[PDB]
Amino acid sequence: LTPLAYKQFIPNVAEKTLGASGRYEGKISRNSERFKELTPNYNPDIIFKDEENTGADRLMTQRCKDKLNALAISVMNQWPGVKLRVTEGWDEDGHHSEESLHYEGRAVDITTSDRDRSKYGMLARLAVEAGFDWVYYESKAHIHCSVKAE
C-alpha cells in the first residue's frame, strides 16, 4: 500500500464530480425530515473528538458508516494499539466552506488516535482501500474523506 502524498486527492478529480462523491444535494438540519437519514456510529474502536460536545460528529449516512467501519478495522491492523479518530463529521454550524459534504453527513475529517502526523499519508491510503469515494490529504493535521449519496 503506498501512502497518499501531501495535498493529493484520489480519485484525481474534484470531490463533487460524478466520478468522485458527486453533487451536493443540500444541507441536512437537525429539525428536518432528512435528519432521519443520518445514523449514529458508536463503534468502540473509533475515537470521535466531539468538538461541539453534541455527538453530531457520529451522525452520518449509511454509506459513510459502512466505509468508516471498514477503515476502523484496517487502521487497527496497520498499527496495533492505534484507532481511527474522527475530528469533524456532520456539521450543523457552518465550520466548512459552502456546499461542504460535511453538511450532508457524507464526509469525515480523520486522524490516527495517537495524532502521529507521519501516519496520515498511509491513513489516507487505507481510507481509499476502505472504499471512500473521495480522499484528500487536506492538511498536515487531517485527511478529508467523503462518500457518494444514497
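For clarity, a rigid core is taken as the largest C-alpha set superposing within 1.5 Å between two forms. A residue's number is simply how far along the shown sequence it sits, counting from 1.
Where the structures in 5 other deposited structures of this protein are fitted on the rigid core, 28-36 is the one of 28-36 and 100-108 whose C-alphas sit farther from the shown form on average. Between stretches 87-95 and 110-118, the one whose Cα atoms sit farther from the displayed model in 5 other deposited structures of this protein on average is 87-95 (core-aligned, root mean square). Higher mean CA temperature factor between 1-9 and 139-147: 1-9, per the PDB entry.
Stretches 96-104 and 46-54 differ in mean C-alpha B factor, with the higher average recorded for 96-104. In the PDB entry, the Cα temperature factor peaks, among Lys27, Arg125, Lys67, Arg85, at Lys27. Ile110: CA B factor in the lowest third of modelled residues in this chain (values from the PDB entry).
When all modelled residues of the chain are sorted by CA temperature factor, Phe35 is found within the highest third.
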